[PDB]
Amino acid sequence: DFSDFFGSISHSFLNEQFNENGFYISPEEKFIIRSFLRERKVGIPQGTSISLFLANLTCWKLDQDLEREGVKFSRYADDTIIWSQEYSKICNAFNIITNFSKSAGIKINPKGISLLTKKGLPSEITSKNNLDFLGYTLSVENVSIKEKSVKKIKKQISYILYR
Amino acid sequence: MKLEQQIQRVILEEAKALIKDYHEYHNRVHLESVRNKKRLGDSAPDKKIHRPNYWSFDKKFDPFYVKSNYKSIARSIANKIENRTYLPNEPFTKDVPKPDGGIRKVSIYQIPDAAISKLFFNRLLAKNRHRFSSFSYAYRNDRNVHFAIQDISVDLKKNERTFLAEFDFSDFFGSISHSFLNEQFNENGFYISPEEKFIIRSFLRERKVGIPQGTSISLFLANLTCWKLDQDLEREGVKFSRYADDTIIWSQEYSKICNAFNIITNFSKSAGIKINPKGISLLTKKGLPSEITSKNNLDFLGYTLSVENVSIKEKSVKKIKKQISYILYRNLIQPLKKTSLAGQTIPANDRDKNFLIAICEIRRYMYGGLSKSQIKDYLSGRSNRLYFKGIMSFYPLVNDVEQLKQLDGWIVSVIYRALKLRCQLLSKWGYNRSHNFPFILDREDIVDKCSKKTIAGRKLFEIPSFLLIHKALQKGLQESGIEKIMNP
Amino acid sequence: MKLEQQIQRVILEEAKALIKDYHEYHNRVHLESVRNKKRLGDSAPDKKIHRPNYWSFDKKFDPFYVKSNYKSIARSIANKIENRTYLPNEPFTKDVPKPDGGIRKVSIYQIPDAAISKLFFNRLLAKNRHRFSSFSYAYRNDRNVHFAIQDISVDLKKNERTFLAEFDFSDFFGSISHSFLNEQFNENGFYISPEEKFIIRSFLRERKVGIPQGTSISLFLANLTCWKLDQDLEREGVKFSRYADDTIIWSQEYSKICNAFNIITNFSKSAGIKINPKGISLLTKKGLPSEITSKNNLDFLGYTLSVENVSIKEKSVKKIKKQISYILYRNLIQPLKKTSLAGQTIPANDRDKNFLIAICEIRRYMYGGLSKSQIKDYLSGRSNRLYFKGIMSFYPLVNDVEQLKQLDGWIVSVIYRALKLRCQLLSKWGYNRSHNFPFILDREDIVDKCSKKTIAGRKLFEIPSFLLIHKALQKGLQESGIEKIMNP
Amino acid sequence: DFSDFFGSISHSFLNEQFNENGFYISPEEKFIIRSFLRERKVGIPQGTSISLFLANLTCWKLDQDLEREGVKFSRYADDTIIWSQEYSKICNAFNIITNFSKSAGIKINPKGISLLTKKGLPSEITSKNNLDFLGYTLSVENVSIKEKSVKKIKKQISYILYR
RNA sequence: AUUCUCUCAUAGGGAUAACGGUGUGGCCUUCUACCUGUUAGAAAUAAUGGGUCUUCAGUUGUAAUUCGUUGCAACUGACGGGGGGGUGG
RNA sequence: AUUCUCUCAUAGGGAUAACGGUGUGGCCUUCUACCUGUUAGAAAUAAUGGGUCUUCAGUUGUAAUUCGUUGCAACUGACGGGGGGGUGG
């Protein structure tokens, strides 16, 4: 959960990233970024036109480190899922997020670490059969709708009939 | 040495071995029918010499027919191999229900086909032994599997932690593409001659998909098929053993076992058929806890291997107890539970022949018929060789004194209880023998009394003890190794 | 089977083998002296039958004395072992200069001590074979080292990048604490009996520091001291082979080789004595470049192994050339370079007996005496067995057609040049034979003419060809494996 | 150099990749791919509208393995450059390319491997100061035009004046 | 004496000339394509004395094919280095 | 006929009653501590018919010790389960 990261990230760190990773930011664009940040005081506004760019600009080194490790990841809003085929890789990814939290001055906390396997086969570490990702129950055998989303569908159909 | 002569020799020796086994079978049946007549009197069932059913499914399943015309069979087989038209006849297949809920499909080839399989695939296994992994066995009763057990036992004792995992290759060998097999023919330095390639392809063509399991060709084809899996697991650094269609992989690191799972699936996808675990656990000391799903002791082929010792699996202990208890029941209760005791010697004069027969049957089952003087002579140095037969021979690596001590107690207790029931039944039939020798001893005296009893100058009443033969087995392992004591 | 009888059998068999070798030695010396008389006429040296020097340093180095009183020797040795006072006598030690600049200290024990060493350490090696590594050899002429070579060859062909490193364990075995060796006596599931421990400790007490090298006890003690190094390297995932005091470790990863270096460093510390590399390199295809200090081909025990092929080491090719060239020189030039050619048959009538002797000597050295018809029958299927003797038998894995083709050309050229010099020398002595058969053929005709020539119905002029016997060796490897062709 | 790989890649391997890596290939698209391949016999046509897709479909597992290792790579036409900040990673990349080569039935050969450092600092392995990448001499200090490209510019200007 | 035999035997005693091996050739027998005189013989062959090739790769035709491949032609592609000094294309 | 023998032989022909094995005991011979009658016998033993222990761990003394350990006493510490129902400490 990167919610608190974007709630309070030092704008000085954001500014340090303005000239990294080959980002092409023009002087007027830097003024507009700094103005929208000056309106705020700490953190990036979330759910806005400026959220994606500023989030990518602050987390570019985290993305590079996770890609060097070899783990695959996805950041949706203030949520980040990192998956790998190796336990060591995920542990090293945890270490990367920990280091990035320190370099940013604000911490990132897990929702934490699990193993996804076939339904029949057992597991070593705290494990679940299926992950729940954005309205999907993803399993090794199939992709289905999350039970919450199925409840929502049932609610709408049932209320249509009731009404 | 021409191929026809070689086939002749192989077919004839296989046929003669089967004939000798059947001759010994019916001779044993007769001797046992004589003893059972003495035991059950007039109620003794009559003899019934059976011949194996598959002998009639095809005449060439029959040892006697093959011996009748092994020269013609070898002639034609050699001609068919030279002309590259030989194709093995269908084997007898019986589907046996595996306890795990699966199905093991046995295949009994005909004597000519089995002989050809042995002649060629023993050669290929010998010629390519160094290319194969260490602990690869085609049967789960193979004498060499204990070497694998030893390794894991050693590792368990030494390693602070031993992660283990298990896999079922049953479906892999049930349906592996024969084209994948053929792709492996020229890899990993395997020396497979053109005629050997023809025989491999012929035995595979007889099948359609998969490798026959429990056969002379099983080990070689499995090793040839799994050579890249073995190489990847060895590059990772995990240790593994494949016995029949089961594979155990153990390591000292969790990450290594995880990567081994990944390797098995890369291999599964490349082979077109999946391999499923039975799955993964951590083995630690009994006192210490675990972070992952864990068990204290693994069960590996009749052994409960723990970080503290090697013992017999509780299923195997149950089997031992079943056999000993039925020995006593057959010789001391069943005859007295018949409608009539006619022709059955009733114990008298402080002598029970039934009890001697039972004690001797237990001694054969456990020691192999050894005297405690023989075992003690070996344990002392007086004698330099003690044959190791019986049930303990199949558990050479057990080092659990407590288990053997408990089984000693159980043997004594069951002897006492069965003797008490024999006395009770005898008294119902109207033969009071409680005061006599075999029925008067208290449990805490049986051993002692029977140790002192002597017949023909030999102490044939001594209650057999697992711990004595365990002492001898440990000494014999430290003096001769596993291979020299599991067969003389 | 009492220990005294066992020692008796072993000592007698060793003494008898040495006696048979000496008898064959002096018989060979006589036959060769007769032939050399025929070759060099009156100038021929006189025979000189030598007896090995070490036979006199102690009477028990002499096979004949040991055979004289092997019963008393066995009696006393058995009594000393039972009373645990046996101590082997000092061995004969000669320090040979290793080409790398080091010194290899060979040890020749006396026949009794060598017999005891074999009796006990062969038993220990057999009983603990599964606890040892795969490619561990005590001599650099052991027939099984080729399996290790095969492995690396396969890896080199399949891997792109095969990082290799080499290590010299010479000083490790020259001075390894015997206390460390003793610490390993109860590890890795090694089954060492108390008497075997006494014999190990006795052979070590006879020494003071280190393991004797090139002996019956070298392999076992080396495996026992390096068992943890082997386990660590196998856990890392690197593959390795120890031949004598040489260890090659190869991997497909640079990190793995570096971690292997770290392992050897740690093992050196735990043993109290250091192990030094010869060091670290990358083996790649010839065309492709490299990062780190790299070489196209490694040189491993008479083989130049490359990613593209396996060939004979240039030193070994030099040795082959030396022997062939000296065969021709001895039979065709040296006799004619003597002061007097008295008693030497001068070639005439289009027959040169010297050339026949030389061609047959080269054929024995190369083929083992085979005819090209024999080899072609094996290559065709007409004949099902071809004995593999000669120099090529020591290089069963060569697959470099170009090298063998170049050596074929070199043989023909040297035959031509030596014959031309023989003609010139003969003409100096006053015997013009240039027009005669053995001195008229042009180089580009020798083979052909010599192929057609026949004597006694057998073609004994055919110029031996490495490539024909290479075809045969490849077929025999694909039909019988390495073990079956390096010894019949 | 992937020139030989595209010159002779088994069309059966290509077809094996048709249902991997979540590729959405419709039945008629599969027919058109197979038809253009049937017109050829072995290999993918290079420099064509179908080249990029067939190359990506055929090398998808090489890309996945190289990304799991953590190396970064770019395939331009029949050339592939793989760079990393670790030597071990590049070595493992070589190993990956060859596992792919064996699985594809045709070999991929390097042009091969070097280390790029600052001009002043030395190197341990065979090294060059600047790589030449598509008309660029890329150095740790700057990006410039390749001397061949500068020669072309000079040729054109000089011939303008000469003409 | 390196043979044979005794000593509570890694050493000492005796008694006899033997013991242990090597090359050649013979029989036995393991496997060995084809063409031939000339000896036997009723075409069944045997010992003999002369000769030829025998391997690998690809292409194409054909038959099988469990789609890994396999039997047969029949065409060419290799199947006996390198170096020094002159010399022609 | 499962024996013996013929067929260009995974199949078919013939001819004879044999072939192939098992338990017990006997000799041969591999290894086997000690104490004993009673048979032989001049104390050298042999076959016989009765009996005892024979293993592991630690402590201590002693001898060797290349400092891993090893031979010998001699003291105790284990060396034949578990469960159900009552019952004493």
Side-chain angles (χ1 to χ4, degrees), chain B residues 1-2 19-20 23-24 26-28 30-31 60 63-65 67-69 71-73 75-77 80 83-84 89 110 112 177-183 185 198 201 205 208-209 373 376-377 379-385 405-413 447 454 457 463 465 467-468 471, chain C residues 1-2 19-20 23-24 26-28 30-31 60 63-65 67-69 71-73 75-77 80 83-84 89 110 112 178-183 185 198 201 204-205 208-209 373 376-377 379-385 405-413 447 454 457 463 465 467-468 471:
Chain B
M1 182 40 25
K2 314 180 57 56
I19 293 189
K20 183 190 243 216
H23 282 303
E24 295 164 8
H26 64 62
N27 284 138
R28 193 217 308 101
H30 169 93
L31 223 46
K60 271 159 300 320
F64 298 103
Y65 183 54
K67 192 163 195 307
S68 88
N69 71 322
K71 307 241 196 77
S72 67
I73 289 166
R75 207 225 200 210
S76 183
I77 282 168
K80 301 262 216 304
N83 72 19
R84 295 292 189 274
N89 311 291
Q110 295 163 28
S177 161
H178 285 183
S179 62
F180 176 94
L181 251 73
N182 271 127
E183 267 146 352
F185 275 27
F198 158 71
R201 290 165 199 265
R205 257 180 41 249
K208 298 292 165 283
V209 182
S373 75
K376 285 165 179 153
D377 282 337
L379 292 167
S380 63
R382 185 174 301 174
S383 147
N384 77 341
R385 41 198 201 70
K405 212 142 82 53
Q406 295 161 6
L407 275 167
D408 261 3
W410 174 97
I411 293 159
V412 187
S413 296
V447 175
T454 175
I463 306 309
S465 184
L467 255 173
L468 201 35
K471 289 186 238 297
Chain C
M1 188 33 90
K2 283 210 36 48
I19 280 155
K20 177 176 180 183
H23 282 303
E24 262 193 8
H26 64 62
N27 284 138
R28 145 157 79 269
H30 169 92
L31 241 190
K60 271 159 299 319
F64 298 102
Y65 183 54
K67 192 163 195 307
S68 88
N69 71 322
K71 307 241 196 78
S72 67
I73 289 166
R75 193 209 209 61
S76 183
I77 282 168
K80 295 206 109 193
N83 83 14
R84 294 292 189 274
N89 311 291
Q110 295 163 28
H178 285 183
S179 62
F180 175 94
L181 276 35
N182 271 127
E183 269 177 13
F185 275 27
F198 158 71
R201 290 165 199 265
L204 286 164
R205 262 180 41 265
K208 299 293 165 283
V209 85
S373 301
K376 285 165 179 153
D377 305 322
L379 292 167
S380 63
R382 185 174 301 174
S383 161
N384 56 356
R385 41 198 201 70
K405 176 182 333 312
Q406 294 162 6
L407 275 167
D408 295 356
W410 174 97
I411 293 159
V412 187
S413 296
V447 176
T454 165
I463 306 309
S465 184
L467 261 191
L468 204 34
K471 289 186 238 297

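When reading the values below, keep in mind they use all heavy atoms of this one structure, side chains included, and skip hydrogens, waters and symmetry mates. Numbered from 1 within each chain, the chains take letters A, B, ... in sequence-line order.
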Engineer: What distance, rounded to whole Å, do you find between the two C1' atoms, one in E/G77 and one in E/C67?
Structural biologist: 30 Å

Engineer: Quick one: C/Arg84 CZ to F/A64 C1', roughly how many Å, whole number?
Structural biologist: 15 Å

Engineer: Assign C/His26 to base, sugar-phosphate, or nothing according to its heavy-atom contacts below 4.0 angstrom with the strands shown.
Structural biologist: base

Engineer: Verify whether the stacking test passes for F/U65 and F/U66, with limits of 5.5 Å on the ring-centre separation and 30° on the angle between planes.
Structural biologist: no

Engineer: Using the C1'-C2'-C3'-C4' torsion, which pucker class fits F/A46: north or south?
Structural biologist: north

Engineer: Does C/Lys376 or B/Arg205 map to a spot on RNA chain E nearer the 5' end, using the closest nucleotide for each?
Structural biologist: C/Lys376

Engineer: Provide the Watson-Crick or G-U wobble partner of E/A11, both distances under 3.5 Å; none if there is no partner.
Structural biologist: E/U7

Engineer: Identify, with sequence neighbours excluded, every residue that meets side-chain contact (heavy atoms from CB on, under 4.5 Å) alongside B/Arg385.
Structural biologist: none

Engineer: Please report, rounded to the nearest Å, how far the P atom of E/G68 is from the CZ atom of B/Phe180.
Structural biologist: 14 Å

Engineer: Whole angstrom is fine here: how far is it from CG in C/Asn69 over to P in E/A1?
Structural biologist: 13 Å

Engineer: Hey, which sits more toward the 5' end of RNA chain F by its nearest nucleotide, B/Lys67 or B/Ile73?
Structural biologist: B/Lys67

Engineer: Taking the minimum atom-to-atom distance to the side chain of B/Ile77, which one of F/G68, F/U2, F/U10 wins?
Structural biologist: F/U10

Engineer: Flag the pair C/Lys376 / C/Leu468 as yes when at least one side-chain heavy-atom distance between them is below 4.5 Å, and no otherwise.
Structural biologist: yes

Engineer: Going by atom types only, do C/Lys80 and C/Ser76 share a side-chain donor-acceptor pair under 3.5 Å?
Structural biologist: no

Engineer: Which part of the nucleic acid does C/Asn83 contact within heavy-atom distance under 4.0 Å: base, sugar-phosphate only, or nothing?
Structural biologist: nothing

Engineer: Take atom CD of B/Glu183 and atom P of E/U69, then tell me their distance rounded to the nearest Å.
Structural biologist: 8 Å

Engineer: Are E/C4 and E/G14 base-paired in the Watson-Crick or G-U wobble sense, both distances less than 3.5 Å?
Structural biologist: yes

Engineer: At under 4.0 Å between heavy atoms, which parts of nucleotides 22-38 of chain F does protein reach? Answer with one letter per nucleotide, 5' to 3': B base, S sugar-phosphate only, - none.
Structural biologist: SS------BBBB-----

Engineer: Using purine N1 to pyrimidine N3 plus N6-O4 or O6-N4 for Watson-Crick, or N1-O2 and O6-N3 for G-U wobble, both under 3.5 Å, which nucleotide pairs with F/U38?
Structural biologist: none

Engineer: Which glycosidic conformation, syn or anti, is assigned to E/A15 if syn requires a torsion within 90° of zero?
Structural biologist: anti

Engineer: Under 5.5 Å between six-ring centres and under 30° between planes, true for F/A46 and F/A47?
Structural biologist: yes

Engineer: C/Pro112 and C/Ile77: which non-hydrogen atoms are nearest, and at how many Å?
Structural biologist: CB-CD1, 3.5 Å

Engineer: Is it the case that F/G80 stacks on F/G81 (six-membered ring centres closer than 5.5 Å, ring planes within an angle under 30°)?
Structural biologist: no

Engineer: Report each atom pair, protein N/O against N/O of nucleotides 78-86 of chain E, whose distance is under 3.5 angstrom.
Structural biologist:
from	atom 1	to	atom 2	distance (Å)
E/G80	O3'	C/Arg443	NH2	3.4
E/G80	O6	C/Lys372	NZ	2.6
E/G80	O6	C/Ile463	O	3.3
E/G80	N1	C/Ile463	O	3.2
E/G80	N2	C/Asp408	O	3.4
E/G80	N2	C/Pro464	O	2.9
E/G80	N3	C/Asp408	O	3.2
E/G81	OP2	C/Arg443	NH2	2.7
E/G81	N7	C/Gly409	O	3.4
E/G81	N7	C/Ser413	OG	2.7
E/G81	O6	C/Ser413	OG	3.4
E/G81	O6	C/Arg417	NH1	3.3
E/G81	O6	C/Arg417	NH2	3.0
E/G82	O6	C/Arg417	NH1	3.3

Engineer: Distance check needed: F/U2 P versus B/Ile19 CD1, whole Å only.
Structural biologist: 9 Å

Engineer: Could you identify the nucleotide paired to F/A44, looking across every strand shown and requiring Watson-Crick or G-U wobble geometry with both distances under 3.5 Å?
Structural biologist: none

Engineer: Taking CG from B/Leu181 and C1' from E/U69, how many angstroms apart are they, rounded to a whole number?
Structural biologist: 13 Å

Engineer: Give one of base, sugar-phosphate or nothing for C/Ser179, where a contact means two heavy atoms less than 4.0 Å apart.
Structural biologist: sugar-phosphate

Engineer: So what's F/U66 doing, north or south, if we go by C1'-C2'-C3'-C4' (plus is north, minus is south)?
Structural biologist: south

Engineer: Going strictly by the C1'-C2'-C3'-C4' torsion (positive north, negative south), how would you label E/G49?
Structural biologist: south

Engineer: Answer yes or no: are there more than 12 heavy-atom neighbours, outside C/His23 itself, under 6.0 Å from its atom NE2?
Structural biologist: yes

Engineer: Using a heavy-atom cut-off of 4.0 Å across all strands, would you classify B/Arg75 as base, sugar-phosphate, or nothing?
Structural biologist: base

Engineer: State the syn/anti category of F/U38 according to its glycosidic angle, syn meaning within 90° of 0.
Structural biologist: anti

Engineer: Using Watson-Crick or G-U wobble geometry with both distances below 3.5 Å, tell me the partner of F/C67, or none.
Structural biologist: none

Engineer: Using a cut-off of 4.0 Å on non-hydrogen atoms, how would the nucleic acid contact of C/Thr454 be classed: base, sugar-phosphate, or nothing?
Structural biologist: sugar-phosphate

Engineer: E/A9 P sits how many Å from C/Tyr65 OH, rounded?
Structural biologist: 14 Å

Engineer: C/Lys208 near the nucleic acid: base, sugar-phosphate alone, or nothing, with a heavy-atom cut-off under 4.0 Å?
Structural biologist: base

Engineer: Which nucleotide, in any strand shown, forms a Watson-Crick or G-U wobble pair with E/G85, with both distances under 3.5 Å?
Structural biologist: none

Engineer: Would you call F/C79 syn or anti, using the 90° rule around 0?
Structural biologist: syn

Engineer: Could you tell me the Watson-Crick or G-U partner of E/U52, where both distances fall under 3.5 Å? Say none if there is no partner.
Structural biologist: E/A33

Engineer: Any strand counts, and the cut-off is 3.5 Å on both contacts for Watson-Crick or G-U wobble. Which nucleotide pairs with F/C75?
Structural biologist: F/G58

Engineer: If I take atom CG in residue B/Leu468 and atom P in nucleotide F/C56, what distance separates them, rounded to the nearest angstrom?
Structural biologist: 12 Å

Engineer: Is F/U16 syn or is it anti, if syn means the base angle is within 90 degrees of 0?
Structural biologist: anti

Engineer: With rounding to whole Å, what would you report as the distance between F/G58 and F/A33 at their P atoms?
Structural biologist: 30 Å

Engineer: From the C1'-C2'-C3'-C4' angle alone, say whether F/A9 leans north (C3'-endo side) or south (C2'-endo side).
Structural biologist: south

Engineer: Partner of E/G26 by Watson-Crick or G-U wobble geometry, both contacts under 3.5 Å, or none?
Structural biologist: none

Engineer: If the glycosidic angle sits within 90 degrees of zero it is syn, else anti. Tell me which applies to E/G68.
Structural biologist: syn

Engineer: Is any side-chain heavy atom of B/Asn384 less than 4.5 Å from a side-chain heavy atom of C/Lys2?
Structural biologist: no

Engineer: Could you pull out the closest heavy-atom pair between C/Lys60 and C/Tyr65, with the gap in Å?
Structural biologist: N-CD2, 4.4 Å

Engineer: Indicate yes if the six-membered rings of E/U59 and E/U60 are centred less than 5.5 Å apart and inclined by less than 30°, otherwise no.
Structural biologist: yes

Engineer: For E/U76, does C1'-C2'-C3'-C4' say north (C3'-endo side) or south (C2'-endo side)?
Structural biologist: south

Engineer: So do E/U39 and E/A40 actually stack on each other, going by six-membered ring centres closer than 5.5 Å and planes off by less than 30°?
Structural biologist: yes

